[PDB]
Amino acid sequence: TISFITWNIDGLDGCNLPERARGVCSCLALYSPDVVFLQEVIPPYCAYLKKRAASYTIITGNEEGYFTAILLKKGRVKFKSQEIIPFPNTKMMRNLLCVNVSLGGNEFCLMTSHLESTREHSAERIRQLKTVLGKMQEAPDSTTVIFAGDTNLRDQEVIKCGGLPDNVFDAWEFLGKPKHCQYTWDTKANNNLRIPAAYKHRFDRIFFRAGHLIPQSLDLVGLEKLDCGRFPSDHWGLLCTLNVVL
């Protein structure tokens, strides 16, 4: 059983950022995942993870502005190589971060990305998804491909893209679409962005390809308000546990 968390930690919001970074690390410590996929990370935040979550090796998708990051549990996940695929037409520094690792006796290709945000950038977001899905298919058959990140997908844009390739599955859909963790971005239960209206979306998703391995559980994390009266982020974390068939 391997476990991981994907989480957009809202590094772009400056308010209570130090205290919220404490909240994220507190959360990570409780679940102690093998891998962590992060989005909207910024340099000072990165420096903080380096000394507060020192049990993880940190691979960042950039070193300026904001970027993604993949954290690997020292002693359980071994780093092999990394690759950063650019999005030529991104206007928000977005890209595809790939890290090859060994976890147990199995080879994995770990992928994360923060696809273009907002509704008006649907077109570019779809082109970026095609790139990602395409990259998942190129990996050798020997390795297991796991993608987890902030996709910003909505209004069923997955169809325009052409649908998932026949060998790739959405973890949430695979488990039968559990309602308790359907929405990872909810302004009705989350007040960080100060929004009077109620919006619920499944922006954060997990794609994988095999029936070598299958998902076992999916849960939301970071549900506890902090002292400052705000959540660690406007996004909920997403904790997934995949099992391996032997």
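For clarity, a rigid core is taken as the largest C-alpha set superposing within 1.5 Å between two forms. Residues carry their position along the shown sequence, with the first being 1.
Q: Relative to this form, superposed by the core, which stretch has the greater CA RMS in 6 other deposited structures of this protein: 47-55 or 200-208?
A: It is 47-55 whose C-alphas lie farther from the shown form in 6 other deposited structures of this protein.
Q: Would you say which of 119-127 and 152-160 moves more relative to the shown form in 6 other deposited structures of this protein, going by RMS C-alpha distance with the core superposed?
A: Farther from the shown form on average in 6 other deposited structures of this protein: 152-160.
Q: With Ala210 and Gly211 adjacent in the shown sequence, let me know how many deposited residues between them lack coordinates: none, 1 to 3, 4 to 9, or 10 or more.
A: 1 to 3 residues lack coordinates between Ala210 and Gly211.
Q: Between 124-132 and 155-163, point out the one with the higher average CA B-factor as the PDB entry records it.
A: According to the PDB entry, the answer is 155-163.
Q: Decide which of the stretches 5-13 and 19-27 has the higher mean C-alpha B-factor, going by the entry.
A: Averaged over C-alpha atoms, the B-factors run higher in 19-27.
Q: Maximum C-alpha temperature factor per the entry, among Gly176, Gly149, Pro86, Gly104, belongs to which one?
A: That would be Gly104, according to the entry.
Q: Have a look at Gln39, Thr60, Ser55, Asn191 and flag the one whose Cα has the highest B-factor in the entry.
A: Each of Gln39, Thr60, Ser55, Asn191 was compared by C-alpha B-factor; the highest is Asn191.
Q: For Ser142, does the deposited CA B-factor place it in the lowest, middle or highest third of the chain?
A: For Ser142, whose C-alpha B-factor we compare with every modelled residue in the chain, the answer is the highest third.
Q: In terms of the CA temperature factor given in the entry, to which third of its chain does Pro33 belong: lowest, middle or highest?
A: Lowest third, going by the recorded CA B-factors of the chain.
Q: Relative to the other modelled residues in the chain, which third contains the C-alpha temperature factor of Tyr199: lowest, middle or highest?
A: It belongs to the highest third of the chain when residues are ordered by C-alpha B-factor.
Q: When the modelled residues of the chain are sorted by Cα temperature factor, does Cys181 land in the lowest, middle or highest third?
A: Middle third by C-alpha B-factor.
Q: Where does the C-alpha B-factor of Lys73 rank in its chain, lowest, middle or highest third?
A: Its C-alpha B-factor belongs to the lowest third of this chain's values.
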